[PDB]
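J.: Got a structure here, written out as structure tokens. Questions coming.
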Protein chains: 6
Amino acid sequence: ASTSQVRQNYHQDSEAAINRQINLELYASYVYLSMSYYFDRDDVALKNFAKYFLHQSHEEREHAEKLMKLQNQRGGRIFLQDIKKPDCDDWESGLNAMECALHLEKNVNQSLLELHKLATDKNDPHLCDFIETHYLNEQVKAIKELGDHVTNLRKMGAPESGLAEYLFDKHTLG
Amino acid sequence: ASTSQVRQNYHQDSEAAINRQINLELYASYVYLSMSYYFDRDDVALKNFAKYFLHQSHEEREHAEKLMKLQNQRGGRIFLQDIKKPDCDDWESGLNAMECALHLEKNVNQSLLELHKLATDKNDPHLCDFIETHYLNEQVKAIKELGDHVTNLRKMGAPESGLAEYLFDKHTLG
Amino acid sequence: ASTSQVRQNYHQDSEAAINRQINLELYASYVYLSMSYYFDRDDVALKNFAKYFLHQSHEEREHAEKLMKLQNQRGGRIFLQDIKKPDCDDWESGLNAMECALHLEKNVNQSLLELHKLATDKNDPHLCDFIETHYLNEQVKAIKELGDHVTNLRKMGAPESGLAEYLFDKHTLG
Amino acid sequence: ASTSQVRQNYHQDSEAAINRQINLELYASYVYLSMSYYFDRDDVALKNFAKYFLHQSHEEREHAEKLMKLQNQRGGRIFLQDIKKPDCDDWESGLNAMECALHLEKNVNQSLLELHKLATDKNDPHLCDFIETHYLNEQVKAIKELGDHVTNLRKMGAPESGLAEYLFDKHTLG
Amino acid sequence: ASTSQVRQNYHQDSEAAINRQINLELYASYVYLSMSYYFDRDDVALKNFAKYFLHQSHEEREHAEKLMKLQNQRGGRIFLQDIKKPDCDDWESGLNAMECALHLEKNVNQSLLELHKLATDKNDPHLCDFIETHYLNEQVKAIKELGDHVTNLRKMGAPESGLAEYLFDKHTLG
Amino acid sequence: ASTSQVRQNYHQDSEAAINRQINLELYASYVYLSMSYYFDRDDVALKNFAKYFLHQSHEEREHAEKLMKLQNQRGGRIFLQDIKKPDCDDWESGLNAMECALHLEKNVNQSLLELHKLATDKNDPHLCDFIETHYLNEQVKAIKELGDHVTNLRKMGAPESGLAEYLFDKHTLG
Ligand SMILES: [Cl-]
Ligand SMILES: [Cl-]
Ligand SMILES: [Cl-]
Ligand SMILES: [Cl-]
Ligand SMILES: [Cl-]
Ligand SMILES: [Cl-]
Ligand SMILES: [Cl-]
Ligand SMILES: [Cl-]
Ligand SMILES: [Cl-]
Ligand SMILES: [Cl-]
Ligand SMILES: [Cl-]
Ligand SMILES: [Cl-]
Ligand SMILES: [Cl-]
Ligand SMILES: [Cl-]
Ligand SMILES: [Cl-]
Ligand SMILES: [Cl-]
Ligand SMILES: [Cl-]
Ligand SMILES: [Cl-]
Ligand SMILES: [Cl-]
Ligand SMILES: [Cl-]
Ligand SMILES: [Cl-]
Ligand SMILES: [Cl-]
Ligand SMILES: [Cl-]
Ligand SMILES: [Cl-]
Ligand SMILES: [Cl-]
Ligand SMILES: [Cl-]
Ligand SMILES: [Cl-]
Ligand SMILES: [Cl-]
Ligand SMILES: [Cl-]
Ligand SMILES: [Cl-]
Ligand SMILES: [Cl-]
Ligand SMILES: [Cl-]
Ligand SMILES: [Cl-]
Ligand SMILES: [Cl-]
Ligand SMILES: [Cl-]
Ligand SMILES: [Cl-]
Ligand SMILES: [Cl-]
Ligand SMILES: [Cl-]
Ligand SMILES: [Cl-]
Ligand SMILES: [Cl-]
Ligand SMILES: [Cl-]
Ligand SMILES: [Cl-]
Ligand SMILES: [Cl-]
Ligand SMILES: [Cl-]
Ligand SMILES: [Cl-]
Ligand SMILES: [Cl-]
Ligand SMILES: [Cl-]
Ligand SMILES: [Cl-]
Ligand SMILES: [Cl-]
Ligand SMILES: [Cl-]
Ligand SMILES: [Fe+3]
Ligand SMILES: [Fe+3]
Ligand SMILES: [Fe+3]
Ligand SMILES: [Fe+3]
Ligand SMILES: [Fe+3]
Ligand SMILES: [Fe+3]
Ligand SMILES: [Mg+2]
Ligand SMILES: [Mg+2]
Ligand SMILES: [Mg+2]
Ligand SMILES: [Mg+2]
Ligand SMILES: [Mg+2]
Ligand SMILES: [Mg+2]
Ligand SMILES: [Mg+2]
Ligand SMILES: [Mg+2]
Ligand SMILES: [Mg+2]
Ligand SMILES: [Mg+2]
Ligand SMILES: [Mg+2]
Ligand SMILES: [Mg+2]
Ligand SMILES: [Mg+2]
Ligand SMILES: [Mg+2]
Ligand SMILES: [Mg+2]
Ligand SMILES: [Mg+2]
Ligand SMILES: [Mg+2]
Ligand SMILES: [Mg+2]
Ligand SMILES: [Mg+2]
Ligand SMILES: [Mg+2]
Ligand SMILES: [Mg+2]
Ligand SMILES: [Mg+2]
Ligand SMILES: [Mg+2]
Ligand SMILES: [Mg+2]
Ligand SMILES: [Mg+2]
Ligand SMILES: [Mg+2]
Ligand SMILES: [Mg+2]
Ligand SMILES: [Mg+2]
Ligand SMILES: [Mg+2]
Ligand SMILES: [Mg+2]
Ligand SMILES: [Mg+2]
Ligand SMILES: [Mg+2]
Ligand SMILES: [Mg+2]
Ligand SMILES: [Mg+2]
Ligand SMILES: [Mg+2]
Ligand SMILES: [Mg+2]
Ligand SMILES: [Mg+2]
Ligand SMILES: [Mg+2]
Ligand SMILES: [Mg+2]
Ligand SMILES: [Mg+2]
Ligand SMILES: [Mg+2]
Ligand SMILES: [Mg+2]
Ligand SMILES: [Mg+2]
Ligand SMILES: [Mg+2]
Ligand SMILES: [Mg+2]
Ligand SMILES: [Mg+2]
Ligand SMILES: [Mg+2]
Ligand SMILES: [Mg+2]
Ligand SMILES: [Mg+2]
Ligand SMILES: [Mg+2]
Ligand SMILES: [Mg+2]
Ligand SMILES: [Mg+2]
């Protein structure tokens, strides 16, 4: 029950919001793992889509680990929950997967912006700086990259053009 | 519905048993992630326990990825489920965590032995060879290592001796 | 007539089944040699299809040589038969050749699975291990690769699109 | 039916004679493969005889591939036939195998000389030059080498002397 | 009395069969040590026979050590017995020693095949894989090598020809 | 029956005493092999004790081989006997194993001193020099090292202190 010897200026609500964000990052890791192996199917067979999303999956696990480290640095206590299976429809196509990833990374961003508003409301400048330094620009860059990919696939003629997704796989993802 | 162009000698029951094993490997990854950050707490502070279990966590993710690759190689279809939160009590001590890891790795082994018995019953020698080559000896070595660690911690006087867990952290895990 | 000084636990039926497999591997070598030089024709002119199938042809010769080595290791006697000319229709297109190779590599796999069932029935664990180690996963990987190639050529618009086969030749086979 | 865009000065009879030579080179490859694994038997056990004939086997496959390349260069169409199993008696001894190889390489030479006489009769100087450059001196050197080997084995006391074949294996073939 | 914390799917009969195999491997080590120093006698004086059998002796000790490691990995308990002195007649000649080694390595193989049949009967796929991976192909290669050596010594004129054994010592064993 | 051409000043009693010493060195090798794998058990788990005694085991085999070489150098005839299984009680602890090794190495020394007294009585200065050069100081150093190890384990609180044996394993044996 009694207080961590390190804890200072770290609100219980911030502690709980960090636990929720840990779960969301692990969920995002799981979504990208599912998307990766869709592209490894013999009836999809886009190997650079598969490698792109597997790298994105490993990056989300790193994002979760850094928040776990933060929770202990500040003297909070990690509380884990089930990692839900990916909730998105049939992956369908390279374009549809990229659109689902864009939606995922905007939802993660909205969670981080809510977390920053809480840390601001609780006058926790260390936590605000942590979120800004390690998360907010990463999300802005991830969202911009996924928007660019969606735009190129649309302009090339995906998802009806299997030639489009094949050539995008080689020239952008390769 | 209709059959993968690659599928040959791969029973629906084997396909489903591989999906169950994927989930178990992801669960084991999650248990070791939880155990790792327990040792990173300021009131536990055993950094080489933390690094040992984080490495074990990354190895279980690799184990899951290789089964996902196998499912697609054989023309089965990956089906994911929720990854349950770790089910073990309060982690308590270095000795208790090592005993929980031993129990986890014996349960994983029992699942793999059931999977091998199914593959044998369905006359699937490729799947039997896959399990033998990539999983069964890894489990035997993991179980032996964890037994050795439990034995040393017990002999040194854990968990009552905090000096025991400290010196094990430096000399065996360091 | 009298028995090889090395022979032990090696059934006459296994000896004969190995001779049949030697012939099948040499036949597969011959099919891929024919397919390779089809793509070297001035009215087909896909040089990386030609190199891919010539490499596959040399690999099948290696597969045959290793079974010849096994026959002598176990004290059986090699018996050769005619290598039949390739039995497949006009090669027609890059897609049709890839579909014929997929069919060839699944027929070779079925022969190896029958050979493994015989070795299992005759309690020959050395022969079972030989087939598992050197043949079964090679076939699974070959079949998965050819399925992936067929899928990409179909999605790109082959065989009606000569642009599809040209670009596949450069980006996947090159 | 209609004519290759590359074809010039290439008679239908030359085209057919090249297809026959392709088959003969593949047959020679097969004879030397059989001879090689005879020397790998546990009751023959002459490892450098085995390696010598396996190298000769790979060289005949190269000889066949170069004629396949020539057929396409000139705008003819490859037509394959069954590769007959080796027609020679029991291999018996190192000396007998070397005498069978000498007979094989003289029969191949006679085929090439007939092919050159046809190319001369059809005023095809490119084909005459191809045969001279890549085949005729290779055959003369192969025949001379095999004659030398037969002579040494005879002088040493083969095939009655197993010591002769053993020492030839180490000093000439090693 | 009570059970090893590591033991899983490891039958008491398999445990005892592994102890018997340990003894057999140490016995084989001892036979080859005796054979080695026979060839080091001043009235035999074949130094490369001596080095060949001493290497074979050290390899059998490694074979025994790996089974001791396996027994502990699986949570069985090593039980040692006397290592009997070599049971073979006067070593007599290089040919006779090679024939005794062939007989030794076929008896070791038969023991391993019985051990594999037991592990199969007890549904122990880890133990089956261990025997296949580390022992069965090693025995097949050892038996084939010794058959080849016996064949060459016989063909050269051993054991009546001391020149045969001398030249085999230099060219095959050197 | 008749005399080795090399034999000079080598008494039949010395020849027999060397055969007895060969057996004792092989016995010592076997004792240390048993002790090594005791420390590899999952319920003992002292890896540097295991490596120390395995090295000691390989050194005793070298000691036996050098005496076998000596027997042939002097024109005696090696006569082997069964290698008895280790005769020591349950190994129990690191301290008890070290005390058993001290007792083993003093018994080996006493045998060598008896062998030297015989060689002195038979006026065999070559054999006296061989024993002095290759055995007597090795035994003195081995006995002193084992006494030092026993002393440290006793002073640290073994065998009741499992922490003592653990820390000795890392700092002296590591
Ligand atoms: Cl606070
Ligand atoms: Cl608070
Ligand atoms: Cl939960
Ligand atoms: Cl829900
Ligand atoms: Cl603030
Ligand atoms: Cl950034
Ligand atoms: Cl930026
Ligand atoms: Cl950007
Ligand atoms: Cl199927
Ligand atoms: Cl099914
Ligand atoms: Cl679910
Ligand atoms: Cl539940
Ligand atoms: Cl099976
Ligand atoms: Cl392994
Ligand atoms: Cl291992
Ligand atoms: Cl281990
Ligand atoms: Cl048999
Ligand atoms: Cl039979
Ligand atoms: Cl035939
Ligand atoms: Cl037919
Ligand atoms: Cl079997
Ligand atoms: Cl493989
Ligand atoms: Cl693989
Ligand atoms: Cl693959
Ligand atoms: Cl023309
Ligand atoms: Cl014409
Ligand atoms: Cl035909
Ligand atoms: Cl015919
Ligand atoms: Cl002309
Ligand atoms: Cl030339
Ligand atoms: Cl020349
Ligand atoms: Cl010449
Ligand atoms: Cl058990
Ligand atoms: Cl039992
Ligand atoms: Cl006994
Ligand atoms: Cl007895
Ligand atoms: Cl089994
Ligand atoms: Cl092997
Ligand atoms: Cl092999
Ligand atoms: Cl071999
Ligand atoms: Cl010579
Ligand atoms: Cl004397
Ligand atoms: Cl005397
Ligand atoms: Cl005895
Ligand atoms: Cl007794
Ligand atoms: Cl003296
Ligand atoms: Cl010394
Ligand atoms: Cl000294
Ligand atoms: Cl000293
Ligand atoms: Cl210390
Ligand atoms: Fe993230
Ligand atoms: Fe795992
Ligand atoms: Fe093949
Ligand atoms: Fe040729
Ligand atoms: Fe062995
Ligand atoms: Fe010694
Ligand atoms: Mg959430
Ligand atoms: Mg990302
Ligand atoms: Mg709290
Ligand atoms: Mg749900
Ligand atoms: Mg979506
Ligand atoms: Mg800032
Ligand atoms: Mg920044
Ligand atoms: Mg960062
Ligand atoms: Mg930045
Ligand atoms: Mg489950
Ligand atoms: Mg592990
Ligand atoms: Mg299905
Ligand atoms: Mg729950
Ligand atoms: Mg637990
Ligand atoms: Mg098996
Ligand atoms: Mg295997
Ligand atoms: Mg293995
Ligand atoms: Mg592995
Ligand atoms: Mg292994
Ligand atoms: Mg057939
Ligand atoms: Mg292939
Ligand atoms: Mg037969
Ligand atoms: Mg026909
Ligand atoms: Mg076809
Ligand atoms: Mg394998
Ligand atoms: Mg291979
Ligand atoms: Mg493999
Ligand atoms: Mg012909
Ligand atoms: Mg040649
Ligand atoms: Mg025509
Ligand atoms: Mg015929
Ligand atoms: Mg002939
Ligand atoms: Mg020239
Ligand atoms: Mg040339
Ligand atoms: Mg020339
Ligand atoms: Mg026995
Ligand atoms: Mg050996
Ligand atoms: Mg017991
Ligand atoms: Mg006896
Ligand atoms: Mg014998
Ligand atoms: Mg192997
Ligand atoms: Mg090995
Ligand atoms: Mg092997
Ligand atoms: Mg004695
Ligand atoms: Mg020593
Ligand atoms: Mg005597
Ligand atoms: Mg006794
Ligand atoms: Mg004792
Ligand atoms: Mg003196
Ligand atoms: Mg000295
Ligand atoms: Mg020395
Ligand atoms: Mg000295």
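Going by Swiss-Prot, the residues shown for chain F are 4-177, listed in order.
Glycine too: its Cβ is placed from the backbone N, Cα and C atoms.
Annotations for this protein, taken from Swiss-Prot, read as follows:
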DOMAIN    F:11-160  domain 'Ferritin-like diiron'
SITE      F:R23  site 'Essential for association with cargo receptor NCOA4'
BINDING   F:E28, F:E63, F:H66  Fe cation 1 binding site
BINDING   F:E63, F:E108, F:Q142  Fe cation 2 binding site
J.: What does DSSP call F:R23 (site 'Essential for association with cargo receptor NCOA4') in the simple three-state scheme?
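T.: Once the DSSP labels are grouped into three classes, F:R23 (site 'Essential for association with cargo receptor NCOA4') ends up as helix.
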J.: If I take the Cα of F:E108 (Fe cation 2 binding site) as reference, which of the recorded positions F:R23, F:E63, F:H66 has the closest Cα?
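T.: Sorting the recorded positions by distance from F:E108 (Fe cation 2 binding site), the top entry is F:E63.
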J.: Under 8 Å Cβ to Cβ from F:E63 (Fe cation 1 binding site), same chain, six or more residues apart: give me those in sequence order, or none if nothing qualifies.
T.: F:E28, F:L29, F:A31, F:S32, F:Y35
J.: Give me the Cα-Cα distance between F:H66 (Fe cation 1 binding site) and F:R23 (site 'Essential for association with cargo receptor NCOA4'), rounded to a whole Å.
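T.: On Cα coordinates alone, these residues lie 13 Å apart.
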J.: Write out, in the order they occur in the sequence, the residues of the chain not among F:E63, F:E108, F:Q142 that have a C-beta within 8 Å of the mean position of the C-beta atoms of the recorded Fe cation 2 site.
T.: F:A31, F:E62, F:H66, F:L107, F:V111, F:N112, F:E141, F:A145, F:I146
J.: Quick one: Cα separation, F:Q142 (Fe cation 2 binding site) versus F:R23 (site 'Essential for association with cargo receptor NCOA4'), in Å?
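T.: That separation, Cα to Cα, works out to 17 Å.
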J.: Counting only other Cβ atoms and using a 10 Å cut-off, which of the recorded positions F:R23, F:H66 scores lowest?
T.: F:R23
J.: Excluding F:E28, F:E63, F:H66, which residues of the same chain place their Cβ within 8 Å of the centroid of the Cβ atoms of the recorded Fe cation 1 site?
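T.: Once F:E28, F:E63, F:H66 are set aside, the remaining close residues are F:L27, F:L29, F:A31, F:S32, F:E62, F:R64, F:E65, F:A67, F:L70, F:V111.
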J.: I want to verify one value. Collapsing DSSP to three states, which class is F:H66 (Fe cation 1 binding site)?
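T.: The three-state answer is helix.
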J.: Quick one: what's DSSP say for F:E28 (Fe cation 1 binding site), helix, strand or coil?
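T.: In three-state terms, F:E28 (Fe cation 1 binding site) counts as helix.
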J.: Under DSSP, the domain 'Ferritin-like diiron' (F:11-160) has how many residues in helix, strand and coil?
T.: 115 helix, 1 strand, 34 coil
J.: Which of these binding-site residues has the least crowded Cβ, counting other Cβ atoms within 10 Å: F:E108, F:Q142?
T.: F:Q142
